[PDB]
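Engineer: One structure, as structure tokens, below. Some questions next.
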Amino acid sequence: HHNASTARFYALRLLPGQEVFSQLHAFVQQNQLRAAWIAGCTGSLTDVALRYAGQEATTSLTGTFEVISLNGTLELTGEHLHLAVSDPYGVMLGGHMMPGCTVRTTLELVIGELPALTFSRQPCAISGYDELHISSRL
Amino acid sequence: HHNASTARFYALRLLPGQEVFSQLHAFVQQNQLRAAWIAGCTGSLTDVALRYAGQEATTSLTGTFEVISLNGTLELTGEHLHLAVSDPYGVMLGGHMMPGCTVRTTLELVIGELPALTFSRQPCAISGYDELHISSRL
Amino acid sequence: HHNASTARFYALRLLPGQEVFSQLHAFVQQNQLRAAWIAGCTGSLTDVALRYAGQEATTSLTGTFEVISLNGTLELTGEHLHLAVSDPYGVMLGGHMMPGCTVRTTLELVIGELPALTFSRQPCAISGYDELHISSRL
Ligand SMILES: [Mg+2]
Ligand SMILES: [Mg+2]
Ligand SMILES: [Mg+2]
């Protein structure tokens with residue numbers, strides 16, 4: 001059965017200029033994470049790539065942003081992450097995170113991994129898209 | 001004494017059309033969770049029910065929203081959850097989550113449970129409302 | 001080596017009128033936390049102190065706000081926390097959290113501690129600021 005598992009946590013800090021998606025995937029590959037999620041995140045970005053609700057196109061922005069929240073799941077060959085950033089006036093923007101977000105000064109992350117489970121993306125006949133599927137690691 | 005505990009995590013995915021409050025409570029009942037919190041959440045909503053800061057009335061909205069963050073505690077007979085959603089333009093809205101939020105394509109959740117503790121809602125003479133009370137499970 | 005660790009969690013509730021930064025530091029000192037992060041948070045604030053993206057000055061606001069998300073790391077002699085609050089109209093504001101945020105009715109927190117690691121703030125030659133450094137507790 002799924003859902004239940006203890007968690008192992010990882011703490012890491014990304015460097016200025018690094019692209020978030022690529023670094024997260026590299027960390028997942030390095031540790032062969034099969035059922036992870038972002039348990040905590042704080043930092044800053046220069047370039048931001050977001051896909052707004054219901055939209056197909058990716059919105060690319062550049063400036064000075066603070067990462068307010070980065071949430072979602074990730075695993076060996078898939079992920080689903082949402083990002084919220086704030087600007088110099090406190091105004092926020094949020095959406096589906098896409099490749100292209102670059103670290104400004106830092107990105108601090110605490111990533112949780114559920115050793116008893118395995119996440120995968122399987123087609124959902126209801127939504128019409130590949131959705132999160134949870135199964136036993138063993 | 002309270003506060004300290006190891007955590008057991010649960011991963012689940014809600015389906016299109018399901019109402020969030022009811023599904024969360026069903027999961028709490030199914031697993032008899034006594035001291036849980038939302039450790040991670042990502043997804044989309046069609047209907048959104050929020051009670052804004054200091055307001056009594058619930059604001060009901062319908063459209064295409066992305067769940068940016070869903071935070072808070074929950075247990076057998078109580079909860080305190082806040083929700084932040086983004087729209088097709090990246091604009092965000094936040095408030096106290098109320099019953100009526102419906103899943104659009106999916107809602108992925110990682111819920112933590114603290115086995116050594118028990119959450120309850122007891123009247124606080126200071127705030128004048130029932131507030132979070134933490135005690136030992138044993 | 002760093003990054004990997006089990007986690008111990010703490011649940012607590014702050015009272016009306018208390019200042020968040022001071023209370024968080026008091027909790028860190030009381031439990032001698034060396035590598036913690038905010039795993040969950042919900043509540044309300046009256047006074048809010050935020051430093052917006054790229055700005056030096058702290059913006060002080062007072063009113064009726066809901067805490068939508070409080071994320072970041074914290075330890076014995078340092079921290080990095082970002083805050084997002086919503087107002088009576090659902091509008092949100094976000095930024096680097098500064099001392100001066102006061103609880104309105106309550107602030108519920110689940111704090112994670114990574115016993116196998118130790119967080120510190122060391123100068124980064126790349127960013128030019130003291131950044132998160134992760135090392136073994138032993
Ligand atoms: Mg999404
Ligand atoms: Mg509330
Ligand atoms: Mg910051």
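Labels for the structure tokens follow display order: chains A, B, ..., residues from 1 in each chain, ligands from 1.
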Write out, as a Markdown table, each residue of range 18-133 of chain B that has an atom at most 10 Å from range 39-55 of chain C, together with the closest pair of atoms and their distance in Å to one decimal, counting only C-alpha atoms, rows going by chain and rising number.
Structural biologist:
| residue | atom | partner | partner_atom | distance |
| --- | --- | --- | --- | --- |
| B:37 | CA | C:40 | CA | 6.8 |
| B:38 | CA | C:40 | CA | 6.8 |
| B:39 | CA | C:39 | CA | 6.3 |
| B:40 | CA | C:39 | CA | 8.8 |
| B:53 | CA | C:44 | CA | 8.0 |
| B:54 | CA | C:44 | CA | 9.2 |
| B:70 | CA | C:42 | CA | 9.5 |
| B:71 | CA | C:41 | CA | 6.2 |
| B:72 | CA | C:42 | CA | 5.2 |
| B:73 | CA | C:42 | CA | 7.8 |
| B:80 | CA | C:42 | CA | 7.3 |
| B:81 | CA | C:42 | CA | 6.8 |
| B:82 | CA | C:42 | CA | 6.5 |
| B:83 | CA | C:42 | CA | 9.7 |
| B:96 | CA | C:43 | CA | 9.1 |
| B:112 | CA | C:39 | CA | 9.5 |
Engineer: Quick check: residues of chain B within 7 Å of chain A, only C-alpha atoms, returned as a PyMOL selection string.
Structural biologist: chain B and resi 7-13+16+39-42+64-66+68+86-92+105
Engineer: Between A:120, A:106, A:77, A:22, which is the closest to ligand 3 once you count only C-alpha atoms and all ligand atoms?
Structural biologist: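 Smallest distance to ligand 3 is found for A:106.
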Engineer: Hey, which of C:76, C:24, C:67, C:14 ends up closest to ligand 2? Count only C-alpha atoms and all ligand atoms.
Structural biologist: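 Comparing C:76, C:24, C:67, C:14 against ligand 2, the winner is C:67.
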Engineer: Going by DSSP on the backbone, which bits of range 29-118 of chain C are strand (DSSP E or B)? Write them as a PyMOL selection string, please.
Structural biologist: chain C and resi 36-51+59-75+78-86+92-97+102-113+117-118
Engineer: What is the distance between CA of residue 17 in chain A and CA of residue 116 in chain C, in Å to one decimal?
Structural biologist: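 Going from CA of residue 17 in chain A over to CA of residue 116 in chain C, I get 29.0 Å.
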Engineer: Just list the residues in chain A DSSP gives alpha helix (DSSP H) on the backbone, as a VMD selection string.
Structural biologist: chain A and resid 20 to 30
Engineer: Excluding residue 20 in chain B and residues on its chain fewer than 6 positions from it, collect all residues at most 8 Å away from it, counting only C-alpha atoms, and give them as JSON, numbers by chain.
Structural biologist: {"B": [14, 99, 100, 101, 102, 103]}
Engineer: Pick from B:122, B:136, B:56, B:104: nearest to ligand 2, with only C-alpha atoms and all ligand atoms counted?
Structural biologist: B:56
